[PDB]
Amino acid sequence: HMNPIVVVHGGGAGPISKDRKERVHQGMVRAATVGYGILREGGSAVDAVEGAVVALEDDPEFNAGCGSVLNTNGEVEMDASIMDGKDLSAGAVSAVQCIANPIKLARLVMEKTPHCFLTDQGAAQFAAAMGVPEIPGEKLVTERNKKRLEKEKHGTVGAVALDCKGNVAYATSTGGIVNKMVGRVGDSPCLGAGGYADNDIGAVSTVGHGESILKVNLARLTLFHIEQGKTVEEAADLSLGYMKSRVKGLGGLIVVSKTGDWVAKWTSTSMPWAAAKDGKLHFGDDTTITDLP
């Protein structure tokens, strides 16, 4: 049987504040830490990525749950998905407000309904039906997010894991893009676009311009290139160069193949990431390693 791994990442932000580099890396490393503490315990590939994105949703620095950006009405609208690479089970939600963890709501769609995708008003009904609390949105909205929005009229988070049984998964959540149209939906909740997980290949999650990612099927494509024997890195660079030259898009990828191989590559300015593997945290090409206490 195999050694687990978790990779996580978020959408790159271009140039940022020193204490923000600092707080983002801390939020990344906590997400990895949380994910691998589920794997080190015998948790599944799914529980690891569910737990790891919940971390990123709950942390106000990240555009996902609390910290999600405001739409063109100044309201939080949120998408997410998660997928079981064993059998292709998956769950997704689009256009949701007033809940803390859509990644958690996306898990219940997969497991508790004979469906993969709920949206908007309908997603709230299952939310309420499932004892998912209701919050005032003002606790997702930051003042910073109010600010950014005003100035507009003048990224995502994700996780992949391979668990002790060789099972893989991905999870992804986002508040989208500042000033998006009411009910705009991007890559996250669309399987193969934002993510895809498969025990015959591997697991990808993606960040960057949602429209560019969905038009190219950026995660499934990534998994297509490994399906013809490219290495996880040759694949990743092949798919991101295609989104760049074909639809002018940029972004990042984290992949772990069915053998434990992995990489973090982005065609954008930067991309926040950390990974966890063989008791070591990998951070980041300034990738640097430490022990997992």
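Don't overthink the numbering: it's just position in the shown sequence, from 1.
A.B. asks: Mind giving me a quick count class for deposited residues absent from the model between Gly284 and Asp285? Options are none, 1 to 3, 4 to 9, 10 or more.
C.D. replies: Unresolved stretch here: 1 to 3 residues.
A.B. asks: Enter the number of deposited residues without atomic coordinates between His154 and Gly155, binned as none, 1 to 3, 4 to 9, or 10 or more.
C.D. replies: In the record, 10 or more residues between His154 and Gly155 lack coordinates.
A.B. asks: Higher mean Cα B-factor in the deposited model: 13 to 21 or 268 to 276?
C.D. replies: Comparing 13 to 21 with 268 to 276, the higher average CA B-factor belongs to 13 to 21.
A.B. asks: Highest mean C-alpha temperature factor of the two stretches 137 to 145 and 200 to 208, which is it?
C.D. replies: Comparing 200 to 208 with 137 to 145, the higher mean C-alpha B-factor belongs to 137 to 145.
A.B. asks: Just to confirm, going by the entry's C-alpha B-factors, which of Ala64, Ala45, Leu70, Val54 comes out highest?
C.D. replies: Max CA B-factor in the entry, restricted to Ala64, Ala45, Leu70, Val54: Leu70.
A.B. asks: Would you mind checking which of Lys112, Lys215, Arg220, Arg184 has the top Cα temperature factor in the PDB entry?
C.D. replies: Most elevated C-alpha B-factor of the set, per the entry: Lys112.
A.B. asks: Going by the entry, which third of its chain does the Cα temperature factor of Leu39 land in?
C.D. replies: Lowest third of the chain for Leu39's C-alpha B-factor.
A.B. asks: Lowest, middle or highest third: where is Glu227 by Cα B-factor in its chain?
C.D. replies: For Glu227, the deposited C-alpha B-factor lands in the highest third.
A.B. asks: Hey, what third does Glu50 fall into on Cα B-factor, ranked over its chain?
C.D. replies: It falls in the bottom third of the chain.
A.B. asks: How does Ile82 rank on Cα B-factor within its chain, lowest, middle or highest third?
C.D. replies: Tercile = lowest for this residue's CA B-factor.
A.B. asks: Lowest, middle or highest third: where is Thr119 by Cα B-factor in its chain?
C.D. replies: Ranked within chain, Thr119 CA B lands in the lowest tercile.
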